[PDB]
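Chains as they are written, first to last, in the entry's author numbering: chain A, 18 to 695; chain B, 18 to 695; chain C, 252 to 301; chain D, 603 to 694; chain E, 503 to 552; chain F, 302 to 402. The beta carbon of each residue, even a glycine, is placed where N, CA and C say it ideally should be.
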Amino acid sequence: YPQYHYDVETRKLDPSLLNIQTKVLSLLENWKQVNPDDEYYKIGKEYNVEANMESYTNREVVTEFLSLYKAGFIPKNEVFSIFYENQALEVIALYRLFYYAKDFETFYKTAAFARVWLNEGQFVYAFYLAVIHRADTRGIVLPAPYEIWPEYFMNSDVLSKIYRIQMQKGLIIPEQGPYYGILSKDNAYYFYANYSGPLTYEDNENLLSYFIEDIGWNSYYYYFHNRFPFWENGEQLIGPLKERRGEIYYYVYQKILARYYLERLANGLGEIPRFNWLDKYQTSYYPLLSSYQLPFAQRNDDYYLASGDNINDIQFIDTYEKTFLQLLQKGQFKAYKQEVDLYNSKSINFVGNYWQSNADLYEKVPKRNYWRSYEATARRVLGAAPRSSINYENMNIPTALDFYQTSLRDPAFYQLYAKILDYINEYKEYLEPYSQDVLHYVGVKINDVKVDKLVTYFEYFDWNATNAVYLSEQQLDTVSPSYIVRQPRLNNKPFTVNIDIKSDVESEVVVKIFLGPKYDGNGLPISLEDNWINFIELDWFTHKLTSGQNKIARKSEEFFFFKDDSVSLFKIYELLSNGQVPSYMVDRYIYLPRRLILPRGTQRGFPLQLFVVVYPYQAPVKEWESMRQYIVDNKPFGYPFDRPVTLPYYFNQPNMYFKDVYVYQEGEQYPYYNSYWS
Amino acid sequence: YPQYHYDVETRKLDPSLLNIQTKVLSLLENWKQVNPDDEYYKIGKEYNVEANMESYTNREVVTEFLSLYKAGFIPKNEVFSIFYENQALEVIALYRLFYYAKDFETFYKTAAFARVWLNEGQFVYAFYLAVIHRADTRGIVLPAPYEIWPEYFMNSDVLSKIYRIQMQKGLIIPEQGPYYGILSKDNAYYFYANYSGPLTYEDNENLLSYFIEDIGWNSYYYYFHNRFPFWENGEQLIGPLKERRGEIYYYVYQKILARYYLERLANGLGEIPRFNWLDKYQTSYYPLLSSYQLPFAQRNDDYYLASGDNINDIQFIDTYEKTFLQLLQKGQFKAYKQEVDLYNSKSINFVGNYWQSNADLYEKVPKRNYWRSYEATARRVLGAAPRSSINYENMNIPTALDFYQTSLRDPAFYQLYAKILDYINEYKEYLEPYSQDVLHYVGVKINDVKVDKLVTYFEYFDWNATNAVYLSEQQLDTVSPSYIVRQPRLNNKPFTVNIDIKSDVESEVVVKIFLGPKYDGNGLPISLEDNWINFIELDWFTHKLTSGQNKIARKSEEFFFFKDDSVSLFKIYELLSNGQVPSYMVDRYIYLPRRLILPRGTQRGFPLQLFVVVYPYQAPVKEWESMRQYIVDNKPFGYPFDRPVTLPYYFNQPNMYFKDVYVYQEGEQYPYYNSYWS
Amino acid sequence: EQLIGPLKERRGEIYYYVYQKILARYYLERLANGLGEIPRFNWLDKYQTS
Amino acid sequence: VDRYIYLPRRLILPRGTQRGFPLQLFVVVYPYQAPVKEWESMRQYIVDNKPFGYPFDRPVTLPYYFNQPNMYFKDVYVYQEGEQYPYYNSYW
Amino acid sequence: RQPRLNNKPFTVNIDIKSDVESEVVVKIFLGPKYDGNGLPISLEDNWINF
Amino acid sequence: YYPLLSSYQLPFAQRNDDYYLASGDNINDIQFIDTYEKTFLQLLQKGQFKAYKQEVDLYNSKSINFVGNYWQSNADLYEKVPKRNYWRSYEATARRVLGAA
Ligand SMILES: *[C@@H]1O[C@H](CO)[C@@H](O[C@@H]2O[C@H](CO)[C@@H](O[C@@H]3O[C@H](CO[C@H]4O[C@H](CO)[C@@H](O)[C@H](O)[C@@H]4O)[C@@H](O)[C@H](O[C@H]4O[C@H](CO)[C@@H](O)[C@H](O)[C@@H]4O[C@H]4O[C@H](CO)[C@@H](O)[C@H](O)[C@@H]4O)[C@@H]3O)[C@H](O)[C@H]2NC(C)=O)[C@H](O)[C@H]1NC(C)=O
Ligand SMILES: *[C@@H]1O[C@H](CO)[C@@H](O[C@@H]2O[C@H](CO)[C@@H](O[C@@H]3O[C@H](CO[C@H]4O[C@H](CO)[C@@H](O)[C@H](O)[C@@H]4O)[C@@H](O)[C@H](O[C@H]4O[C@H](CO)[C@@H](O)[C@H](O)[C@@H]4O)[C@@H]3O)[C@H](O)[C@H]2NC(C)=O)[C@H](O)[C@H]1NC(C)=O
Ligand SMILES: *[C@@H]1O[C@H](CO)[C@@H](O[C@@H]2O[C@H](CO)[C@@H](O[C@@H]3O[C@H](CO[C@H]4O[C@H](CO)[C@@H](O)[C@H](O)[C@@H]4O)[C@@H](O)[C@H](O[C@H]4O[C@H](CO)[C@@H](O)[C@H](O)[C@@H]4O)[C@@H]3O)[C@H](O)[C@H]2NC(C)=O)[C@H](O)[C@H]1NC(C)=O
Ligand SMILES: *[C@@H]1O[C@H](CO)[C@@H](O[C@@H]2O[C@H](CO)[C@@H](O[C@@H]3O[C@H](CO)[C@@H](O)[C@H](O)[C@@H]3O)[C@H](O)[C@H]2NC(C)=O)[C@H](O)[C@H]1NC(C)=O
Ligand SMILES: [Cl-]
Ligand SMILES: [Cl-]
Ligand SMILES: [Cl-]
Ligand SMILES: [Cl-]
Ligand SMILES: [Cl-]
Ligand SMILES: [Cl-]
Ligand SMILES: [Cl-]
Ligand SMILES: [Cl-]
Ligand SMILES: [Cu+2]
Ligand SMILES: [Cu+2]
Ligand SMILES: [Cu+2]
Ligand SMILES: [Mg+2]
Ligand SMILES: [Mg+2]
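Below, the structure written as structure tokens:
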């Protein structure tokens, strides 16, 4: 495998943010430990929240925080999950305390207190989230999630090597290192890493472990959770886009499932399974993940989900689905004191908020002490942790479904959200399909689409795992050695989509590019009435057509919905000293890694469908001008594939184009050929 | 909890053994690592087995080793188990290379070669075993199994604290250590350790985790495997006791189950479950054990044992049981070219060897390349490792049943061997019950039995876990820090059994003392026809009766079937400097720890039965000067409870005595109150 | 109205109180005999208490 | 006649053990408010106006709220005298 | 003629310091300490068992 | 089967519909039953054989004596072997399993 080199897009950081950038980074370094000689220690040790009550812009947030704090927060050195309810109430109170701090000095002091006094996992989760959301930290860069929680992004066989080197303060016999996949250079140690194999995954799903365990794929889900946490009201999260929250929920989970389906098809694994909550569960999972104090829970094959100890959770899960089916019978109804009209496509907001059980679902009823989450209950049932783990607050065996860092590693995750999206797609049958008059752009004809050769490959990617290890006092006061994971990752060669358009008149238009499967697991072509849910939106942009022939060359590196790789901690520090930040990390971290556009190609040339549509440009409404670089026009997200295609010939429009394309793999077909001999 | 201090019974080490004792100990220190500056390194690096082919007394042993060695032994830093068949062939070939070395220098050199070049787990298993069986090393002391494999005797929450301290080279904030159960003194670190709770054990079985996870209980089983390894010929293992090998098998497993059954009753858990191979298995197990590179396999509740992937293993298991039931129908038969008469109590040798599938079972048929083990197959089925873990030689998820160090932690272990002993107790129905004439000792009457108060308690016990951590070159060259686990353990206050005997004549007699339950899980008294299997043999000794009244005061510290605690490595070194060894560790390691004689007492006062029998002394043919301290007379092991009692009034003999006794608990009833606040 | 007259609006409270007391006291006797917690069960599975 | 609806006094304690089965005694003192006239007739069955089971009629989410001077939690032990099992009623 | 459980009469003595003279309500509850797993039951789980 | 029979001190056992015969408490009995049937199928494979020290020729119609005594586990089945303290009956084990006590 080749090593990865890429020139990184950078832009100048506002000089007023340089100090804020530095302090945020210093508070994140080695967050698993507290060093008494560090600056934050002294500040955090004596900071008194109650005495500084006026330094928070919401008195009620301080009062609720102190009330929980007197009862006692969870101790340090315990596994933390947002899904453990007692721990969740505490961390939400801490996050709001961070958020309502009136200025950066108060926020810094509050975070310094939290690191000194409180659980490490709670500290870093709340702190990372607060940087994403505070107005005064907007524009700074955060390290990638895998460099903050490296223990959640590699298997225990790699981690145990890293811990042993730290234990030994190096290699006892350094020439033996390469034989066990360890390289040593300039106080940095490099650990070659394999994805999971057939021990972890059954039914040949280990074939795509390079994908579902990819650090960027998992980080994408983590960012999405951090951007749209379920417990916060939509007004705070997205302001004037509040009424599109449930639409964003559907769009992101659809894209995640469709992209996973592509990787299944590229590996001969067929469609995502559906399952009966009351039958044996036929997808086992044996993660080589740990929370360092405890192993992750393993799910044996044919695990019985509906024990007597699970039956209350099962009854809640089943009632929630039954309720949604009854709402589809009703069509127009009042739910949680909200008027809902399922004939109207705007009701996707309610539908998405319903399936997430988020704060907006309950905003019109009085504040409740009774709350249950469909997703949390389903994750707990599928996780296979011991039932006692749920009954006792202090003791948990963590599962992959307890962390947004790791959810995408469990195949049960895709089956769970496919079940959810099956229900939502039944609701989509209420929507009126787009008429030909809406879809047809008179005077605009796509004559041709030509695509450069589509080639994927594996390459080594280095990332920094130093935050996983516990450093000595000598190392914490000086600089630490570096522990670098070297891991093959999927990538694709840059390609251009060339669109040839004849236009009667000069016009400003919107262009979209979608990518979709051509054949199902049975080798049969998927018709458009069934395939519309499977298309993945790649690109979204405006363009000015002149009268006559137009040629648009759109580079894969320009695709709206994909980002450059995050940059490593050391590069972040280097760029800072020149006053720069990685552009994609700050503004466009919420998009899929560009390296993941294409599923790994096949020996046959994996068949895919490229869909191109051109339609007239209408500017987004003034209310949405606050966030324009994320919304190109006024259309529903995923348009024109946001609703069922019932008559495929409606999509035979001159301003639409379907092109068969094939994905080829260059170099080694598998990621594991990384031994010294290889 | 009090701290434990005990005087260790010591005896002189033969002066010719001092160098041998020193070199064996040095080769065991930090065996997970190879230090090039140590003496063994150059010897091991340069030693050529093939060049020294004549230095081994069996040419075939060297030849078989070289053939496997050329094919390639497993690499270092891989999980090793005697149940991984390719690994078993390697380590057994290695063990025979160790055993057939002509002298100690050749043995030491071969062991130095093994440590430098081969898998760490394979070296230490074979080396520890070879020391137990070689004639020229017998009489030296080995460290206790929990100090050789500390990672197999504590949960991952303790180990992770130990690794973190090694990573940090101390505590960053030393005074905070005690809040997290860590004490520091003189370059030694002390880690308070809890047994597992309800996360690991279901159905309230966590109540006795202090017992089934006890390091001495688990170490007793490890010693039993090492003294009587299944793959070895009986002539090598026990010489003139060869025809009692299957009898020892029944005796040891009966005692292990019977003792576990007492702890169950003392914790309100009732009888050991029986189970159907083809039904869902109702005893889950979530071990917090790891092999540092991989977690141990977890078995979810209601795990289905008989999948299509397991079907060959299930069919073999069921056939083996079906075969044995057919042999009980036949009564007298030829099996494996052995003539067997189940009417004869000597056929317990065949029966025990049958259920163990050991080397003696096949000794009369030509050597076979086809071999299956009932026990190994059963362990694989119950361990719930992924089925792929069995298909691929290179990759395994270890289970508690893969190691004799951890087998006793899994409640399935007792259910498996209860199934086996159920079959053997069915065979025992063939045997003729003892007559009144055999049982009655004319002229000898037990007038009274009085017992001191029976009191159990928990006490802290320190053991050395330094062999679990990876040391720096600095620490390996001078001296390591010490990592000490501090753990509550069951113990009993010393007690005496006083036996009042009237004797007509002067005679040398045999006295035995048994301990048994009185009530079953339903609270009903167990009659002797059902209880004979449940009695646990405590003592076995000869005594001289004078005419008239005799009084025997027998101390629990003198009990034949119980031993002192193993002594820690440091005490071993001190005793060596005065030429002493722990007497029980060298001569009587195959016996149960004395601290476990009594089940933990209960708030009701746990009811038990003491059984004493006096019978005439017939001298056993000595067979060796040693045998008298291991075989007191010529009777069946467990006599008079080696066969069914069909008519209890036969046991109403004057030379027998049944005494109800009660076990009282002093101090805290639970082991977990060890926090700093407590 | 016939049963408790003016306490009618506490009828469901008496129901909860009495069954809670019955279950709690039975639970105490279970604990005193080492029998643990009251089982929960799935209507659609085999019932494990004969 | 008057109190057939209450548990038999003999069943107050679960059956004990010789050294004593552990239990918790909880005592609370709070101000007396007379049950209002609407329910004066059944006063010997209703001592005050509080919910039945008060203060344990609803979830306790923060116990330090129950660290009140007018409340007290006491560990107690139940001892069993005589035969522990009820079945030894045989003639012998 | 049937064996039945019973308990010996016992008295509860309550020591109360009062700032003011007032008429009060006293309640006495009995509850478990340990669950079937031998672990102390916290009040957030135990309130239903009193 | 819900018999309205009693032994005056005790009711007869009732067998609910879909009663599961092969519980963990029954497994030893189930194994004996299944083995006993398996053995007889093996005897049909053998055709001519020695069982319980009796020579049996299943081609000969007189062997219905061995066959019937085999299925009844009666004393004549065991008459040519030394008196046994170990005894199990196919029929008694099956009746116990189907009886649902
Ligand atoms: C990610 O996952 C992949 C897939 O599992 C994994 O790849 C495998 O790595 C291992 C190393 O860890 C490779 O094993 C080595 O392979 C070489 C080459 O073998 C090939 O060619 C020879 C003929 O030349 C064939 O016989 C063989 O079958 C292969 O075709 C071997 O030469 C190595 O053998 C030595 O080491 C073994 C112990 O590991 C011994 O069993 C053997 O006797 C050899 O010993 C010799 O060298 C020793 C020093 O190493 C020395 O001590 C001895 O005295 C003696 O001189 C070795 O087996 C394996 O081939 C890879 N498999 C594949 C399919 O590629 C990655 O390692 C993994 N990466 C990470 C980071 O996890
Ligand atoms: C993997 O990830 C780790 C963890 O993030 C990276 O390590 C960090 O690297 C950064 C940048 O290289 C380090 O930041 C630097 O630390 C110095 C602290 O050194 C101490 O010790 C010296 C001597 O004992 C003292 O003189 C000093 O004052 C410190 O007490 C700082 O001095 C550096 O200053 C720089 O930044 C400031 C502010 O921007 C400038 O004003 C300075 O002029 C100078 O440019 C700097 O802050 C950080 O300490 C490292 N952390 C750890 C835990 O080691 C690895 O580099 C990374 N590895 C790879 C391969 O990617
Ligand atoms: C083996 O297993 C046992 C049981 O699982 C462990 O014992 C527990 O250990 C923890 C410490 O890790 C103990 O927790 C401490 O309890 C103190 C007392 O708590 C009671 O009283 C207070 C005040 O009235 C109540 O608030 C509380 O709800 C209890 O009823 C607390 O004072 C401690 O809190 C302090 O520290 C925490 C952080 O640790 C802070 O958040 C707080 O603000 C406060 O400053 C602390 O919670 C617990 O009591 C033990 N349980 C027992 C004994 O049953 C062993 O530690 C374990 N051993 C090993 C080696 O793992
Ligand atoms: C816990 O176990 C460790 C490791 O087994 C013990 O350390 C060992 O202690 C012995 C006795 O002091 C050391 O032997 C000594 O070696 C030095 C240097 O060669 C020499 O000067 C002495 O004469 C003696 O030979 C041994 O090296 C040492 N091993 C390590 C790895 O440190 C430790 O004592 C145990 N701790 C407790 C509390 O039991
Ligand atoms: Cl500051
Ligand atoms: Cl090394
Ligand atoms: Cl060699
Ligand atoms: Cl520390
Ligand atoms: Cl610590
Ligand atoms: Cl013995
Ligand atoms: Cl035969
Ligand atoms: Cl063998
Ligand atoms: Cu499966
Ligand atoms: Cu179970
Ligand atoms: Cu049952
Ligand atoms: Mg929990
Ligand atoms: Mg394997």
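Under the three-state DSSP convention, the category F:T340 falls into:
F:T340: helix per DSSP, three-state reduction.
In chain G, what lies closer than 8 Å to B:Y687 by C-beta?
In the displayed structure, chain G is absent; the protein chains listed are A, B, C, D, E and F.
DSSP three-state label for B:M412, please.
Note: B:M412 maps to coil in three-state DSSP.
Backbone secondary structure at A:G618 - three-state DSSP:
Residue state, collapsed to three classes: coil.
Partner residues on chain C for B:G285, Cβ-Cβ distance less than 9 Å:
Here the neighbours are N284, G285, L286 and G287.
Is A:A161 a contact residue of ligand 12, with contact defined as CB to any heavy atom under 7 Å?
Because no heavy atom of ligand 12 lies under 7 Å away, the Cβ of A:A161 does not count as near it: no.
I need the straight-line Cα distance from B:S43 to A:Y101, nearest angstrom please.
Taking the Cα positions, B:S43 is about 48 Å away from A:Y101.
Just checking B:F654 against ligand 10 - is the residue's beta carbon closer than 7 Å to any of the ligand's heavy atoms?
Under cutoff, so the answer is yes.
Under a three-way DSSP split, which group does residue 709 of chain A fall into?
In the structure as shown, chain A begins at 18 and stops at 695. Residue 709 of chain A is therefore absent and cannot be evaluated.
Taking C:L258 as the reference, give the member of D:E642, D:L613, D:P616 and D:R612 with the closest Cα.
Of the candidates D:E642, D:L613, D:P616 and D:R612, the residue whose Cα lies closest to the Cα of C:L258 is D:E642.
Using a Cβ cut-off of 8 Å (strictly closer), state whether B:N221 contacts chain C.
It does: the Cβ of B:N221 has a partner Cβ on chain C nearer than 8 Å.
Cross-chain neighbours of A:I414 in chain B, by beta carbon under 7 Å
The answer, in chain order, is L216 and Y303.
At 4 residues or longer, what runs of the alpha helix (DSSP H) sit wholly inside the stretch 192-271 of chain A?
As summarised for the stretch 192-271 of chain A, the continuous alpha helix (DSSP H) elements at least 4 residues long and confined to that stretch are 226-229, 232-244 and 251-255, given in chain order.
So what's B:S364 in DSSP terms, helix, strand or just coil?
Secondary structure of B:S364 (DSSP, three-state): helix.
Can you tell me whether DSSP reads E:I550 as helix, strand or coil?
If DSSP states are grouped into helix, strand and coil, E:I550 belongs with the helices.
Strictly below 8 Å CB to CB, what residues from chain E border B:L224?
Within 8 Å Cβ-Cβ: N539 and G540.
Relative to the C-alpha of B:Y474, which residue among B:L532, B:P511 and B:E449 is closest?
It is B:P511.
Return the CA-CA distance between A:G596 and A:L30, expressed in angstroms with no decimal places.
Roughly 6 Å separates the two Cα atoms.
Own chain residues within Cβ distance below 7 Å of B:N567, not counting five before or after
Closer than 7 Å at the Cβ level, and outside the excluded window around B:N567, lie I518 and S520.
Using the beta-carbon count (16 or more within 10 Å), is B:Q491 buried or exposed?
Label assigned to B:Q491: exposed.
Is there a Cβ of chain E sitting closer than 8 Å to that of D:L609, yes or no?
Taking CB atoms only, D:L609 has no neighbour in chain E less than 8 Å away.
Using the Cβ count rule (16 or more neighbours within 10 Å means buried), how would you classify C:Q253?
C:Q253 is exposed by the Cβ-count criterion.
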